[PDB]
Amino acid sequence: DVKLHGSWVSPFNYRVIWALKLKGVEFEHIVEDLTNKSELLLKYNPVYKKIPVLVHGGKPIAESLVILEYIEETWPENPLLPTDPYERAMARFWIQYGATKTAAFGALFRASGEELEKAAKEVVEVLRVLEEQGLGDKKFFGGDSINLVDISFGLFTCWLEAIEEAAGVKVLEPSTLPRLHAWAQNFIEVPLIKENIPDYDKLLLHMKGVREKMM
């Protein structure tokens, strides 16, 4: 009844896996080879031709953020968004902030030496705004347990760690971002996340290859 066209390394696909597992929704995972996209992927997502794509009752939903809100509305038990409209607006605001700022991380795989240090400091400032104004003193973006905002920021955990190792730069460190670094550790320790993350060695190999391609 539920199919997920995805991948073993995409952080965007993992957002959907986490949301489905938090809802207890059974699904079939269909791994796509992006160098030879299936006929179903091209039919289901003609606008972007990207994964993930959720297919529910044969109807497709593309774009991880759109999929996450569809899951929250379709399986409302175990809520992943607050009930209060102002708190829901703040959650959407921070999700949107992450979506817009994800592009700033691209420079980490394009710049060298004294230019790469500049890109890293700019990414630290993006994360500092998120830490100070978004997370604050809460354990998670969702308070005492993870919500759609934590899920949307999950790419800043093992994927960002792999990016830092591939590029030879440090961004999310405890001295510079104490609360965000503690959050990243707490997020990765949540059993649902711990049991559903790519193997670090395989993820690092993938990131080194993406960096090689972008020079």
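Rigid core here is just the name for the largest C-alpha set that superposes within 1.5 Å across the two forms. Residue indices: 1-based, along the sequence shown.
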property	result
Divergent stretch in 6 other deposited structures of this protein, 71-79 or 99-107 [C-alpha RMS, superposed by the core]	99-107
Comparing 76-84 with 114-122, the one whose average Cα B-factor in the PDB entry is higher	114-122
Segment of higher mean CA temperature factor, 206-214 or 2-10	206-214
Maximum C-alpha temperature factor, selected from 177, 158, 169, 53	169
Residue with highest C-alpha B-factor in the PDB entry, from 146, 66, 182, 31	31
Residue 163, C-alpha B-factor rank within chain (lowest, middle or highest third)	middle
Third of the chain, ranked by Cα B-factor, where residue 151 sits	lowest
Chain-wide C-alpha B factor ranking for residue 38, given as lowest, middle or highest third	highest
Residue 90 - Cα temperature factor, lowest/middle/highest third of chain	lowest
B-factor third for the C-alpha atom of residue 71 within its chain	lowest
